[PDB]
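Trainee: curious how this folds, go ahead:
(one chain, ligands or ions: 1)
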Amino acid sequence: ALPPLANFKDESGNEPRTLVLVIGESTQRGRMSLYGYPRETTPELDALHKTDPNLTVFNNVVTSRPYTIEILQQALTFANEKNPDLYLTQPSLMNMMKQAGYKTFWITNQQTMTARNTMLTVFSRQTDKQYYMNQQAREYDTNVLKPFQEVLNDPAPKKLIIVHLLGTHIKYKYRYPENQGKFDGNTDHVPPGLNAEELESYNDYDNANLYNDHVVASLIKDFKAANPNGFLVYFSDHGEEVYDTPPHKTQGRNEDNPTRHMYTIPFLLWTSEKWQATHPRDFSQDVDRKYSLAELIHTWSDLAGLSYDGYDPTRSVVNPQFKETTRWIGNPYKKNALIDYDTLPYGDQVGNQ
Ligand SMILES: [Zn+2]
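Mentor: Residues are numbered from 1 along each chain as shown. Find the structure here:
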């Protein structure tokens, strides 16, 4: 029902390309060894970072809201904390890529009620072809690897592939096979004072991070094995507090009682050799920029070579004209409830910038 973006231009040429957006779940920045966590929770992404110069790791990205649909309404559209309802009145990222001539795919391991009018169902139905892998629980994110390959074989020249993961969502223990609890019973690098149940839950979160590392690295590796022209962005919708913040008694997500560990997220960009060769771009000076996921669509637009009325290059984290803005958090529907993420305590801790 919404009109197209005006003065729409694509400067990325007309060669075939495949672009991938991997939406993780409940994965914070501070429990991944890729971001300095002393437990080896992400060995495959670490090794990829050491050996592949085209993996760009962004160190200062946070989400704006710690609830899945509430953040995805901002991340996937032009809505943000100051204007949270723009997802109703302006196009989404998927709409935008359709206007650019891409065939769009939605692969997901999240339980989607296709017969019901949920906001996630609407988003996933905005694409040309959907793969719902979790329609009924022990369903692991490796479920997406087979349809991913299938979509990679799809002959459309320009393709957008969205992969929606369960990531490290509660309950953490169910995100990974029972025989892959690498950190079960381990007390190294654990905060003090946990009881048996809290300790088990903490280690379960690190195990889920290990499996999620395997899944994201597998998506990158399979994509690379297709020798594609394109790139893949991986982000988590939001983080998750798991006894990280002193006094180490809190587990979960609470927007009215925010901690940094609920808001820090991984943010990775893998660029294929063909795309980097054809679209040379240096990101090495962008990796520490303070950025909010709420403006993702501009970054995506920048990476895809798209401009239009409403495009804001200064809010793309890879743009030479990038200008840092306040990273708002807080409920945008309450009266004057927005606060600066930087005001939260414990920002000096590892992975908690
Ligand atoms: Zn937005």
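
Trainee: what residues does this structure put near the ion?
Mentor: Residues of the chain that fall close to the ion, judged by CB under 5 Å from the ion: 74, 80. C-beta coordinates here come from the backbone N, C-alpha and C atoms, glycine included.

Trainee: what do you get if the cut-off is 6 Å, keeping everything else the same?
Mentor: Residues of the chain lying close to the ion by CB under 6 Å from the ion are 74, 77-80, 294-295, 297.

Trainee: top helix in this protein by residue count?
Mentor: helix 196-225 (DSSP state H).

Trainee: buried residues of it, list them for me.
Mentor: For helix 196-225, burial by neighbour count (16 or more other CB atoms under 10 Å) applies to 198-220, 223-224.

Trainee: let me know the angle separating the following helix or strand past that helix from helix 196-225.
Mentor: Downstream of helix 196-225, the next assigned helix or strand under DSSP states H and E is strand 230-236. Inter-element angle recorded for strand 230-236 and helix 196-225: 170 degrees (by axes from the mean of the first three to the mean of the last three CA atoms, to 10 degrees).

Trainee: and strand 230-236, which strands flank it?
Mentor: When sheet partners are counted by DSSP bridges, strand 230-236 sits next to strand 17-24 (parallel), strand 267-271 (antiparallel).

Trainee: ok, residues contacting the first one?
Mentor: To tie it back to what came earlier, the one meant is strand 17-24. 72, 93, 97, 102, 152, 157-165, 167-168, 212, 216, 219, 223, 226, 228-237, 265-266, 275, 300, 303-304 (CB atoms under 8 Å, 6 or more residues apart in numbering).

Trainee: try stretch 107-126
Mentor: Defining contact as CB under 8 Å, 6+ apart, one finds that stretch 107-126 is touched by 25, 68-69, 72-73, 76, 92, 94-95, 98, 104, 106, 130-137, 139-141, 143-144, 147-148, 151, 161-166.

Trainee: straight-line length of that stretch, end to end?
Mentor: 12 Å (CA to CA, to the nearest Å).

Trainee: just stretch 220-232 next, same as before
Mentor: 7 Å.

Trainee: can you check stretch 149-156 too?
Mentor: End-to-end span of stretch 149-156 (CA to CA): 14 Å.

Trainee: check which residues of it are buried.
Mentor: Of the residues in stretch 149-156, 151-152, 156 count as buried by neighbour count, 16+ other CB under 10 Å.

Trainee: check stretch 278-285 too.
Mentor: Under 16+ other CB under 10 Å, the buried positions of stretch 278-285 are 279, 283.

Trainee: residues touching that stretch, excluding its own?
Mentor: By CB under 8 Å, 6+ apart, the surrounding residues in contact with stretch 278-285 are 12-13, 15, 56, 229, 269, 271, 305, 318.

Trainee: next: stretch 75-90.
Mentor: With CB under 8 Å, 6+ apart as the criterion, stretch 75-90 contacts 2, 63-65, 73-74, 91-94, 123, 235, 237, 292-297, 310, 328-330, 332-333, 338.

Trainee: centroid-nearest residue for this structure?
Mentor: Residue closest to the mean C-alpha point of the chain, counted by CA atoms, centre = their mean, is residue 235 at 1.7 Å.

Trainee: residue contacts, the closest residue to it other than its chain neighbours?
Mentor: Excluding the flanking residues, the one nearest residue 235 by CB to CB, 6 or more residues apart in numbering is residue 267, at 5.0 Å. Going by CB under 8 Å, 6+ apart, residue 267 touches 57-58, 61, 233-235, 291, 293.

Trainee: ok, of those residues, which one's closest to the ion?
Mentor: residue 293 (8.3 Å; CB to the ion).

Trainee: pretty sure the closest one contacts residue 235?
Mentor: Yes: between residue 293 and residue 235 there is a contact under CB atoms under 8 Å: 6.2 Å.

Trainee: shared neighbours, those two?
Mentor: Joint contacts of residue 293 and residue 235 (CB under 8 Å, 6+ apart) are 61, 75, 265, 267.

Trainee: now secondary structure and distance to residue 287 too, for the residues you listed, in JSON lines please.
Mentor: Formatted as JSON lines, the shared contacts of residue 293 and residue 235 follow (DSSP: H, G, I helix; E, B strand; the rest coil; distance: CB to CB, whole Å):
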{"residue": "61", "secondary structure": "strand", "distance to residue 287": "10"}
{"residue": "75", "secondary structure": "helix", "distance to residue 287": "20"}
{"residue": "265", "secondary structure": "coil", "distance to residue 287": "14"}
{"residue": "267", "secondary structure": "strand", "distance to residue 287": "9"}
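
Trainee: type out the PyMOL command that picks the buried ones from the residues you listed.
Mentor: PyMOL command restricting the shared contacts of residue 293 and residue 235 to the buried ones, with burial defined by 16+ other CB under 10 Å:
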select buried, resi 61+75+265+267
